[PDB]
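A.B. asks: Here you go, one structure.
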Ligand SMILES: N[C@@H](CCC(=O)N[C@@H](CS)C(=O)NCC(=O)O)C(=O)O
Ligand SMILES: N[C@@H](CCC(=O)N[C@@H](CS)C(=O)NCC(=O)O)C(=O)O
Ligand SMILES: N[C@@H](CCC(=O)N[C@@H](CS)C(=O)NCC(=O)O)C(=O)O
């Protein structure tokens, strides 16, 4: 199982999930600049959309889109409840959160990270991110995790997006519950191993 | 169940999936302006996010995000195969497409619908669509649906999304495979029923 990734990108979510699940995997760095995998092969042959993450099973099948990959990873180790059982209400609830993070949070940072982005665009999204983040913050005051007391891949995904905040000057102090969450998820060794592994910390 | 929708919006996807699954439901329009259901109720009480769709089970429980809602709907009548079986690779492959349409297509269209967005904003996102729409078009070139021969909820979501390409002047003639897809999904009774019901006459 190979994970095409880039240090610090959204691919850190499935990365952490892989460590949390304890599967067999290999991190394959993709040059987002040149679009070549570690082997210097054209990544677009793997993901024509050109982005990461991308999971590649040893048999050759690939899977893209963070939310899809982390659910596949989770379903490999049901014992470690990183996703409610399929068919159960909480599974659709997990899928609800995963999409929310993807559509309503992740994509709202993308314009910030891009220089070409006009301020009259980078601001139109910061406002939104403020609104969305407040919603998440309130969800995290109730219980420790998104789905309650049980951690899921949604939390890992969210944890990752919350990490870019600092890079784009987004303050999370307004929401203490978000900070308590970050310290709570970042406190897991799988999480620390991934940060260390991506050269993000240490 | 109740489906909080708005005519033509992306709530049209779960609406079609509902009819396709042969599941009966009640439509509850939501004034995306006032954020009040058709009963005056404050929609932000239902969805703090303020957007449709929102599926409310008979339980009284609720669900948001198109991709989740349509997967719940699909799994209710597996006999209709609106989604590959859970635990099957193609099910994750389906979710791959649902997240793609949501973040790589649906949210690209959002800006093109807002007037309070810089003129340069729409330009950038218009190329993204051309890039992504090109990949989807290529997907449906040698196969009728996103996952092959069997129509899934992913195709329904895509159908609704492309339907907006008119209101935003995104000619699809460059992508005949998309015009075919559109003409294909659009001819389904469940589709035309949802249109008629949403008053899209
Ligand atoms: N919809 C995709 C988005 C993936 C994505 O945006 N990946 C970024 C990294 S965070 C990327 O590699 N973009 C291509 C690039 O920057 O060249 C998903 O949820 O997985
Ligand atoms: N009813 C429209 C299509 C529906 C539509 O306009 N959807 C809009 C908002 S209701 C949309 O693309 N929303 C994307 C977004 O807000 O992100 C038509 O077919 O003429
Ligand atoms: N992330 C949501 C997107 C839903 C969405 O953007 N809905 C639009 C219409 S298609 C909306 O209701 N926007 C709020 C408004 O128009 O007031 C999902 O995947 O379901």
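Read-outs: derived from the displayed coordinates by stated rules, not from any lab. Here Cβ is always computed from backbone atoms with ideal geometry, including for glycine, and neighbour counts include all displayed protein chains.
A.B. asks: Confirm whether residue B:16 is away from chain A (no Cβ under 14 Å), touching a residue at least 60 places away in the same chain (Cβ under 8 Å) and in a helix (DSSP H, G or I).
C.D. replies: Yes.
A.B. asks: Name the residue, out of B:194, B:124, that is touching a helix residue (DSSP H, G or I) at 6+ places or on another chain (Cβ under 7 Å) and either free of Cβ contacts under 8 Å to residues at least 24 places away in the same chain or in a helix (DSSP H, G or I) (or both).
C.D. replies: Answer to the selection: B:194.
Per-residue answers, yes or no, for (1) closer than 25 Å to residue A:196 by Cβ; (2) within 15 Å of ligand 1 (Cβ to nearest atom); (3) within 18 Å of the chain's Cα centre (by Cα); (4) away from chain B (no Cβ under 13 Å):
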{"site": "A:21", "(1), (2), (3), (4)": "yes, no, yes, yes"}
{"site": "A:28", "(1), (2), (3), (4)": "yes, yes, yes, yes"}
{"site": "A:32", "(1), (2), (3), (4)": "yes, yes, yes, yes"}
{"site": "A:46", "(1), (2), (3), (4)": "no, yes, no, yes"}
{"site": "A:55", "(1), (2), (3), (4)": "yes, yes, yes, no"}
{"site": "A:64", "(1), (2), (3), (4)": "no, yes, yes, no"}
{"site": "A:69", "(1), (2), (3), (4)": "yes, yes, yes, no"}
{"site": "A:73", "(1), (2), (3), (4)": "yes, yes, yes, no"}
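A.B. asks: Out of segment B:166-191, which residues are farther than 15 Å from residue B:135 by Cα, under 15 Å from the mean Cα position of the chain (by Cα) and in contact (Cβ under 8 Å) with a residue 40 or more places away in the chain?
C.D. replies: B:190, B:191
A.B. asks: Here is a further query. Quick test for you: out of A:139, A:135, A:150, pick the one residue that is assigned to a loop (DSSP other than H, G, I, E, B), over 16 Å from the mean Cα position of the chain (by Cα) and surrounded by fewer than 22 Cβ atoms within 10 Å (Cβ to Cβ).
C.D. replies: Within the list A:139, A:135, A:150, the selection yields A:150.
A.B. asks: Evaluate the following for residue A:81: is it closer than 30 Å to residue A:139 by Cβ, out of contact with any strand residue (DSSP E or B) (no Cβ under 7 Å at 6 or more places or on another chain) and within 16 Å of ligand 3 (Cβ to nearest atom)?
C.D. replies: No.
A.B. asks: Something else about it: For segment B:84-106, what are the residues that are more than 9 Å from chain A (Cβ to nearest Cβ), within 15 Å of ligand 3 (Cβ to nearest atom) and in contact (Cβ under 8 Å) with a residue 60 or more places away in the chain?
C.D. replies: Within segment B:84-106, just B:101 meets the criteria.
A.B. asks: Next question, about the same structure. Looking at (1) more than 10 Å from every other protein chain (Cβ to nearest Cβ); (2) surrounded by 15 or more Cβ atoms within 10 Å (Cβ to Cβ); (3) touching a residue at least 40 places away in the same chain (Cβ under 8 Å), which one does residue A:81 not meet, given that it meets all the others?
C.D. replies: Single failed check for residue A:81: (2).
A.B. asks: Could you tell me whether residue B:117 is more than 15 Å from residue B:12 (Cβ to Cβ), at the interface with another protein chain (Cβ under 10 Å from one of its Cβ atoms), surrounded by fewer than 18 Cβ atoms within 10 Å (Cβ to Cβ) and within 16 Å of ligand 3 (Cβ to nearest atom)?
C.D. replies: Yes.
A.B. asks: Continuing with this model, one more query. Please state which of the following conditions residue B:40 fails to meet, knowing it meets all the rest: (1) more than 14 Å from ligand 2 (Cβ to nearest atom); (2) within 7 Å of chain A (Cβ to nearest Cβ); (3) not in a helix (DSSP H, G or I).
C.D. replies: (2)
A.B. asks: Could you list, in sequence order, the residues of segment B:43-57 that are out of contact with any helix residue (DSSP H, G or I) (no Cβ under 7 Å at 6 or more places or on another chain) and assigned to a loop (DSSP other than H, G, I, E, B)?
C.D. replies: B:47, B:51, B:52, B:57
A.B. asks: Residue check, residue B:161 against (1) away from every other protein chain (no Cβ under 14 Å); (2) within 16 Å of ligand 3 (Cβ to nearest atom); (3) over 22 Å from residue B:77 (Cα atoms), all met but one. Which one?
C.D. replies: (1)
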